[PDB]
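K.L.:
Fold the stuff below for me.
(chains A, B, C, D, E, F, G, H and I, ligands or ions: 12)
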Amino acid sequence: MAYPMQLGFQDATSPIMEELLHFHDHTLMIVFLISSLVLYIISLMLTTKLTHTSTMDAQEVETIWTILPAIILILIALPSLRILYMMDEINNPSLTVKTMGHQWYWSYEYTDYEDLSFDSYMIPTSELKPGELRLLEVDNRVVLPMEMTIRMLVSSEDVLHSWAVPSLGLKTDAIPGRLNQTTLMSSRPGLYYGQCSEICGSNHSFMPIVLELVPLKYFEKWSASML
Amino acid sequence: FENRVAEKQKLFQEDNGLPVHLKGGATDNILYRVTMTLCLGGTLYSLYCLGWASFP
Amino acid sequence: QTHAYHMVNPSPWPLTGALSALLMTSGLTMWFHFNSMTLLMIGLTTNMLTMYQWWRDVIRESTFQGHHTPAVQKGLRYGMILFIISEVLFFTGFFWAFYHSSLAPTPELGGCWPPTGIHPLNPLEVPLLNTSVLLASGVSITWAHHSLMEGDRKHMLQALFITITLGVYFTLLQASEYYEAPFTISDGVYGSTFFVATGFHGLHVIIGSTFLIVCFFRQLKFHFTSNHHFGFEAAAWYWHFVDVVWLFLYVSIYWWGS
Amino acid sequence: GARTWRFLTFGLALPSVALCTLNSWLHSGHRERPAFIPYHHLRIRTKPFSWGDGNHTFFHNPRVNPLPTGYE
Amino acid sequence: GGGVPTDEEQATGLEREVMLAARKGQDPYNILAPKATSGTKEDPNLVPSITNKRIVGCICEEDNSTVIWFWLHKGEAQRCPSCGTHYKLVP
Amino acid sequence: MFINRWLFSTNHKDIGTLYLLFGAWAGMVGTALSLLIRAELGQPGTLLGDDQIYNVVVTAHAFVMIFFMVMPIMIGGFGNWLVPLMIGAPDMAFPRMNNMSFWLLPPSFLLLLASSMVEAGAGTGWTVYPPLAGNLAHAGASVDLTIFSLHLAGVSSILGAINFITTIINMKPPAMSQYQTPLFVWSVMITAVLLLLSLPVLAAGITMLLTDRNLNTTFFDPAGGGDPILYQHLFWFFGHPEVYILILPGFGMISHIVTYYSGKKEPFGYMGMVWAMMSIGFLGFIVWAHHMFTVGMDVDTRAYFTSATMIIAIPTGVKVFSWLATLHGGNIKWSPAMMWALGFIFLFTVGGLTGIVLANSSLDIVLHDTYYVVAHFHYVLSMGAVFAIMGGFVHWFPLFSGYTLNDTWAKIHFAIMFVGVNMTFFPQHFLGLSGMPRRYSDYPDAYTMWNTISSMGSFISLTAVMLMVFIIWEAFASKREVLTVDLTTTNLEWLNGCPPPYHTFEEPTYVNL
Amino acid sequence: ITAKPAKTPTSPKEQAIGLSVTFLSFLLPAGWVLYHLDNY
Amino acid sequence: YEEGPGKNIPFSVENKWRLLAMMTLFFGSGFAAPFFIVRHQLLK
Amino acid sequence: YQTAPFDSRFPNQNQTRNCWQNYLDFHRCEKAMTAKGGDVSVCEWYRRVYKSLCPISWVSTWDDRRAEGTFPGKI
Ligand code: HEA
Ligand code: HEA
Ligand SMILES: CCCCC/C=C/C/C=C/C/C=C/C/C=C\CCCC(=O)O[C@H](COC(=O)CCCCCCCCCCCCCCCCC)COP(=O)(O)OCCN
Ligand SMILES: CCCCCC/C=C/CCCCCCCCCC(=O)O[C@H](COC(=O)CCCCCCCCCCCCCCC)COP(=O)(O)OC[C@@H](O)CO
Ligand SMILES: CCCCCC/C=C\CCCCCCCCCC(=O)O[C@H](COC(=O)CCCCCCCCCCCCCCC)COP(=O)(O)OC[C@@H](O)CO
Ligand SMILES: CCCCCCCCCCO[C@@H]1O[C@H](CO)[C@@H](O[C@H]2O[C@H](CO)[C@@H](O)[C@H](O)[C@H]2O)[C@H](O)[C@H]1O
Ligand SMILES: CCCCCCCCCCO[C@@H]1O[C@H](CO)[C@@H](O[C@H]2O[C@H](CO)[C@@H](O)[C@H](O)[C@H]2O)[C@H](O)[C@H]1O
Ligand SMILES: CCCCCCCCCCO[C@@H]1O[C@H](CO)[C@@H](O[C@H]2O[C@H](CO)[C@@H](O)[C@H](O)[C@H]2O)[C@H](O)[C@H]1O
Ligand SMILES: C[C@H](CCC(=O)O)[C@H]1CC[C@H]2[C@@H]3[C@H](O)C[C@@H]4C[C@H](O)CC[C@]4(C)[C@H]3C[C@H](O)[C@]12C
Ligand code: CUA
Ligand SMILES: [Xe]
Ligand SMILES: [Zn+2]
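P.N.:
Numbers count the residues shown, from 1 in each chain, chains lettered A, B, ... in the order given. Ligands and ions are numbered 1, 2, ... in the order given. For reference, the structure is listed below:
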């Protein structure tokens, strides 16, 4: 989850979020450098009594102004596209979970073997247990095995929603009549939080996602207890 | 039919200070007042309708 | 002035047109939601009054007052071409909707096109006739154009009358088609794409036919010269546009989509 | 010239229209209507239409357009 | 078969004036770009005006994108402030 | 005489004045809506107690700022005032149709304010995506009134585009080629081409939405075989060109302002500036699906849209570097308009660079539908458009009015506005990176500090807006009449005086070959 | 730019009035609504 | 039509205090409108 | 059997047609095996894959439409 006064991304919980952090660091360095160069050159143009107001030839300098940006964009695109193709790369999931968006809550289906399904509602502020997080807690968390490739399928039973978990690098729109796939892999146990990320009406702010990542043995005990 | 364009050229080029939308004569004035009355009245009616539709 | 451009007299028609748009839209709202046609009929009336008086004034300014110099005529040529381009892009949106739906038919349709339960029209019957009619009308309007440039009043009127008659025939054939079609606008995305795309096209045919009828009456009243007849050219360009959109509808929706 | 375009109008274009008119008129007989099946993707009603009883399409034909509940 | 009027028969107002002036090789309504003289003090560019001043735009060299604009007044020839080309107003 | 002049106008200057008045009024509406947004977010919890109303405020804020403030000011106001003057033309090609582009906007605005007053409003976002914008999740007239507001605005801008393209192609002096027209005139021509091609696709898509809501069509309804994602394609096929429409006239005004206050006769690399605007206009049609990286499209499609989107940085950089090379060697006049223009170059660059971050589909998964996007477009669009408008306004106010502003007050106004917008939007980057969704009425407690600061920033910008009205009043109150301006040899719009006579170029300019 | 002297100069006091009236025209109506949000 | 500074506008600048009233009503109406629409929706 | 494996016919983020095809495949096979008095265990792969991938509400709607005679796919 986010913490107070945070400047950057939530700590990476998945290998693909780790890759995105390193790719953002690379890209932010370029943003900083270009921003700073433009501000510097503005100050340089503005701080001399020397003048040259006759026509200037533009041809030579425009080679520099097109080639150097083109090189910079290639140096951003190469690692960007490597990560794009990694998050598409064939993997063998061991588990499939469905999530359906509703106004205003998520339902989850684990139908690989048992017909397990349940609804997941925001805990109102007036019902939070001491130390629980305003707008983020749910009654029924998404129990998942850690260190395993999971297929999440996302759809909606009404309007558009979007199923997001920033610390795993996940955001998949929930569209009625469409089954959107994403892959989830947590390097760690714990609770990972996200929030509906497509405007879905008056309670868009109030239908969060909570994953509960546990060792496979505990996931199997939890699944078995659910019969 | 007969070519009466020269007679319409004489009418619409008469030095009488009228704008082109009124230069045909009294029928232009009638059609203009009908149009502008329906537009202004209709707009006032649309505002009434807004006032009605703005409450349960 | 020592330029060739047209300084237009102050005019009420822009304001009456803008208000007609308010009345037609607030009127559609009041028809769809508040069970009433009143505002809509006022708006349609003020829209027709506005178009009549505005284009009447353009005729007064050109045929009667001489304001359409070659430079003004050149501007009107660009304006009509740019208008037609905007109409092409409008239709492009409906073709995009058609190809999106028909190339990737969803499970609700039976995962096929045409959808389960849809019996398309035979494209070799009335839709082929409609195609011969609009193609023929493109030939007759070209005959009308050449007759006018050659100074031939009688043959310009005959060719333009035949063009209009073919436009009316298309419109009555399409009206009859609509009534006989075993599917409706509510028959899913098949009905939706069919009726909205062909419906906007039939509206443009009625507009085009109306423009040709204006040109017919102006020709009867000797407004056009053998060299100066931009309203006729604009109506011919618009008419060719309507033909070409039909050919695209015929191939895409009636033939390939059947 | 005008002579050529009149030649095309009367010698090709209108004869095409006459032949397509004959083709159409020969295949104009009423087709036998198919069994009604209340498919959920057809006869869509998300809001009543703003005319008649709200359940009839604008150019409703009783012979060939069933309602959601079937042929009239 | 005839019966269609010609421009000569039926053009009126400014259209007709432009039509009649073009038959005489005159350009009172400024439809054509004037051809430059050498632009020297002995051979200045002659700028017609219906009044005592007119705006001149000087494209000093072919394919310059920058046009130099100034009011040219009745009287002694004036020079383009960029290239020094001479212009003389002829009311 | 008053009704003939101001309701029946066929005059480019008077119609430009109507557009500027309309846009300034709309800007007050849009600013009030922005302050309600930041008041709801200014402390954790609920202020309005009604999140449907919050969503309606956000939706109206965007429509007002885009359709009623920026486009009317830039294209209707500066375009109608300056384009004919900069090409020596006596008016627009279609001076009467020009008046109807203007008079369609008050009715358009009335339909939007009707949408907000009937039922519970259109709480859809300015994207109006189905099914939220459909007849089940938004039953009632609000969304239909929003669709009709967009139709009227759409017709206004399509007819205006036809008028500008025809005027700029057909009404130059016969010796003046397209490569001897000023950059502001190029920027309007290119903007008009984008409007002509993009608005008809939006018109098709919102008409489909109208028919799904009222005629039992199913273009966007899976029950009939339709697809909500089709609406998104049609919307963004318009929507990406629209964001370039919003900035291109600003690029033209910035070229004139930087050239003028650098004491130069000409911008650096004129043909490069034309190339860059035409390139941005063309590329602007082939990138729209970067608004859809989370909807489930194919990986190769994501790769293509990432790559095409990044290309736009190249021509854009040529313009930025060309503005800097115009300043280079200038006798710099530190006018308030120059301050606006220098603020523009810097703030536009920051926002453009966060655009390049978002272009990367992979990172976009985590930034999409967060405050990072909101930060990106309030830099490049909100500050870009607004700074270009304020620079143009303070530069050309004496031309339009005949009166000077107090330059010291105008510099104070700039200083306040620069502090406010940066305090409002800079912290939204942190909120986005840390995962705060956009279109939220409330936020988890961790996001409190940056929301608090952003909301305090919004009040500083309000103080600048109030000061701006005072500054305009003081100029009309004092009546300092302009005598002369410098550089008229390269700024033809000034050469008929301040303000120019109702009719200008009755006798056209003399330009020889 | 050069300009004639102000036909109708606006003194410091006149500016304070103009500024004050401008600010109040923005602040008082919005202030009234925001103060009464409870009553709403 | 009248030409010149203060004459090419649909509002009078003859009196700076009447101008201040008109400008206040003009920009103040625009700025107030969203506050009163929110009030209207809340009172439903 | 753990979950539905990668299927090269359906390699993209949109898995709608994977769910649909396996549902059709299961019901076509179940009809072929019943109509002879054959054995529905032959159909088991398709049953496990569609049960894994398809939303419960989709399966339930399709089931209801098959029983009503309004299912639009060919079985
Ligand atoms: C003025 C309006 C405007 C402009 C000009 C832009 C310009 C750009 N925009 Fe932005 N954009 C918006 C307005 C604008 N945008 C709006 C309103 C939205 C949100 C819509 C909504 O959802 O409501 C948005 C959203 C948006 C998204 C979708 C994000 C998401 O929702 O998840 C993306 C994705 O690629 C995008 C990218 C870009 C890029 C690459 C540019 C480029 O054109 C920028 C190019 C400029 C530069 C790069 C800076 C100058 C260049 C140099 C100094 C040269 C050197 C630079 C390099 C080598 C990098 N923008
Ligand atoms: C041009 C477009 C533009 C402009 C100028 C602005 C200006 C502002 N915007 Fe924004 N905004 C959008 C376009 C714009 N906006 C869009 C498209 C959205 C997305 C909507 C959606 O999600 O659907 C959005 C959303 C948006 C959000 C996110 C809401 C959410 O996700 O829940 C926020 C949050 O703070 C915000 C704040 C502001 C603030 C504080 C200002 C201002 O207060 C900043 C200061 C600027 C001014 C005060 C303008 C001054 C100008 C004039 C008054 C004109 C003067 C005229 C003349 C001189 C002739 N806006
Ligand atoms: C004969 C050839 C042509 C005929 C033309 C049509 C006649 C009536 C309507 C005129 C307007 C047509 C334009 C297209 C709009 C929508 C649908 C029209 C197509 C049509 O007529 O379709 C009919 C349905 O009409 C319907 O719903 C009713 C439609 C009536 C209300 C339509 C309101 C919608 C208006 C939309 C306005 C948007 C304008 C866009 C502005 C863009 C600016 C940028 C089909 O009949 P049906 O019974 O379902 O099936 C036949 C069964 N035997
Ligand atoms: C039963 C009806 C119900 C349907 C209602 C909807 C509207 C139907 C209207 C049909 C259009 C009629 C247009 C008539 C225009 C007449 C004026 C004209 O044609 O004007 C001519 C100029 O053209 C010009 O302005 C050219 C002007 C071109 C006008 C373009 C018209 C297309 C308009 C389409 C309307 C919107 C469609 C969008 C739908 C979503 C005048 O110049 P000339 O001809 O050279 O004459 C001069 C010589 O005589 C001198 O010797
Ligand atoms: C949901 C319902 C909402 C719909 C609301 C519709 C909106 C408004 C109501 C429309 C009222 C129209 C009244 C007639 C307008 C005629 C314009 C015209 O014909 O304009 C002409 C120029 O445009 C030209 O030619 C070429 C361009 C001709 C344009 C004709 C107008 C069409 C308006 C609708 C088009 C939308 C486009 C569809 C694509 C999305 C003439 O220009 P003027 O400046 O007049 O004169 C110049 C003089 O030199 C002439 O002698
Ligand atoms: C000259 C400028 C223009 C002038 C404008 C003139 C305005 C005319 C007012 C007529 O008012 C009508 O009153 C009807 C009866 O009160 C309403 O009927 C409708 O509402 C009824 C409610 O009783 C329902 O039975 C039906 O939906 C329907 O009859 C209808 O909506 C409304 O228009
Ligand atoms: C000087 C200008 C003159 C202005 C006169 C305005 C013209 C019409 C005024 C009467 O208003 C009508 O009254 C009908 C009820 O009394 C409405 O019935 C409507 O409601 C019916 C329900 O029975 C439906 O059949 C239809 O939507 C419709 O007829 C009709 O829609 C509405 O227009
Ligand atoms: C987003 C922009 C908003 C910026 C905020 C504006 C700053 C405040 C402006 C003053 O607004 C006023 O404040 C008064 C309180 O100070 C209110 O009086 C209210 O409270 C008074 C004292 O408690 C009572 O006497 C009055 O009757 C009562 O209306 C009054 O209505 C309101 O106009
Ligand atoms: C008699 C009259 C002469 C026209 C004239 O010179 O004024 C002729 C010339 C062309 C004729 C028209 C064309 O021949 C085409 C049509 C032929 C139809 O048989 C009658 C209507 C029809 C539309 C004709 C009406 C009328 O007889 C017209 C108008
Ligand atoms: Cu569900 Cu937003
Ligand atoms: Xe539109
Ligand atoms: Zn020169």
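K.L.:
How are the helices of chain G distributed by residue range?
P.N.:
Taking DSSP state H as the criterion, chain G contains helices spanning G:12-35.
K.L.:
Contacts only, for the closest residue to ligand 1 within it.
P.N.:
In chain G, no residue comes nearer to ligand 1 than residue G:30, which is 25.8 Å away by Cβ to the nearest ligand atom. Quick note: C-beta positions are derived from backbone N, CA and C, even for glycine. Counting by Cβ atoms under 8 Å, 6 or more residues apart in numbering or on different chains, residue G:30 touches F:32, F:35, H:31-32, H:35.
K.L.:
out of those residues, which are inside helices?
P.N.:
Going by DSSP H, the helices hold F:32, F:35, H:31-32, H:35 from the contacts of residue G:30.
K.L.:
Could you list the residues of chain I in contact with chain A?
P.N.:
I:2-6, I:11, I:13-16, I:18-19, I:51-57 (Cβ under 8 Å from any Cβ of the partner chain).
K.L.:
Filter the residues you listed down to the buried ones.
P.N.:
Listed as buried from the residues of chain I next to chain A are I:3-4, I:13-16, I:18-19, I:51-55; burial here means 16 or more other Cβ atoms under 10 Å in any protein chain shown.
K.L.:
For the residue of chain G closest to ligand 1, give its distance to residue C:205.
P.N.:
In this view, residue G:30 and residue C:205 are 53 Å apart by Cβ to Cβ, to the nearest Å.
K.L.:
same question, residue A:227
P.N.:
Residue A:227 is 66 Å from residue C:205, by Cβ to Cβ.
K.L.:
Comparing the two, which residue is more hemmed in?
P.N.:
residue C:205 (23 against 6; other Cβ atoms under 10 Å in any protein chain shown).
K.L.:
That one: what's it in contact with?
P.N.:
Residue C:205 touches C:134, C:167, C:170-171, C:174, C:242, counting by Cβ under 8 Å, 6+ apart.
K.L.:
Specify the helix with the largest residue count in chain E.
P.N.:
Chain E, longest helix under DSSP H: helix E:13-23.
K.L.:
For it, which helices and strands make contact with it?
P.N.:
helix E:7-10 (3 or more Cβ pairs under 8 Å, 6 or more residues apart in numbering or on different chains; DSSP states H and E).
K.L.:
any bit of the helix it packs on sitting next to chain B?
P.N.:
Yes - interface with chain B: helix E:7-10 contributes residue E:10 (Cβ under 8 Å from any Cβ).
K.L.:
Sort out which residues of stretch C:96-107 are buried, please.
P.N.:
Quick answer for stretch C:96-107 (16+ other Cβ under 10 Å): C:96-98, C:100-102, C:104-107.
K.L.:
Can you point out the helix or strand that includes the closest residue to chain H within chain E?
P.N.:
Nearest residue of chain E to chain H, counting by Cβ to the nearest Cβ: residue E:51, 16.8 Å away. Taking DSSP states H and E as the definition, residue E:51 sits outside all helices and strands.
K.L.:
Which single residue of the stretch 1-150 of chain F ends up nearest ligand 12?
P.N.:
Nearest to ligand 12, among the residues of the stretch 1-150 of chain F, is residue F:88, at 16.1 Å (Cβ to the ion).
K.L.:
Please apply the same query to chain F.
P.N.:
residue F:489 (9.5 Å).
K.L.:
Okay, that residue and residue F:341: tell me how far apart.
P.N.:
21 Å.
K.L.:
do residue C:98 as well
P.N.:
Distance from residue C:98 to residue F:341, by Cβ to Cβ: 47 Å.
K.L.:
Residue 1 - how many residues pack around it?
P.N.:
In the absence of a named chain, chain A is used. With other Cβ under 10 Å as criterion, residue A:1 counts 19.
K.L.:
meant chain G actually
P.N.:
By other Cβ under 10 Å, neighbour count at residue G:1 equals 17.
K.L.:
Quick check: which element contains the closest residue to it other than its chain neighbours?
P.N.:
Distances taken as Cβ to Cβ, 6 or more residues apart in numbering or on different chains put residue F:485 closest to residue G:1, at 4.9 Å, once the chain neighbours are dropped. If you go by DSSP H and E, residue F:485 is not part of any helix or strand.
K.L.:
and what of residue A:99?
P.N.:
strand A:95-102.
K.L.:
residues in contact with the nearest residue to residue C:106 once chain neighbours are set aside?
P.N.:
Of all residues not flanking residue C:106 in the chain, residue F:225 sits nearest, at 5.0 Å (Cβ to Cβ, 6+ apart). Contacts of residue F:225 were listed using Cβ under 8 Å, 6+ apart, and they are C:101, C:105-106, C:108-109, C:115, C:188-190, D:41, F:218.
K.L.:
quick revisit: in a markdown table: the contacts of residue C:205, plus neighbour count.
P.N.:
Below are the contacts of residue C:205 laid out as a markdown table (neighbours: other Cβ atoms under 10 Å in any protein chain shown):
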| residue | neighbour count |
| --- | --- |
| C:134 | 24 |
| C:167 | 24 |
| C:170 | 26 |
| C:171 | 16 |
| C:174 | 21 |
| C:242 | 25 |
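K.L.:
For those residues, name the two members farthest from one another.
P.N.:
Spatial extent of the contacts of residue C:205 (Cβ to Cβ) is set by the pair C:174 and C:242 at 12.1 Å.
K.L.:
who's in contact with whichever residue of chain B sits closest to ligand 8?
P.N.:
Using Cβ to the nearest ligand atom, the closest approach of chain B to ligand 8 is made by residue B:54 at 23.5 Å. Each residue near residue B:54 by Cβ under 8 Å, 6+ apart is listed here: F:117-118, H:40.
K.L.:
quick one: the helix or strand hosting residue B:6 near ligand 5?
P.N.:
Using DSSP H and E, residue B:6 sits in helix B:5-12. No - judged by Cβ under 6 Å from any ligand atom, helix B:5-12 stays clear of ligand 5, getting no closer than 12.2 Å.
K.L.:
list the helices and strands the helix or strand that comes right after that helix packs on?
P.N.:
Counting by DSSP H and E, the next helix or strand C-terminal to helix B:5-12 is helix B:26-53. When contacts are defined as 3+ Cβ pairs under 8 Å, 6+ apart, helix B:26-53 packs onto helix C:13-33, helix C:38-59, helix F:105-117.
K.L.:
Right, I'll call it a day here.
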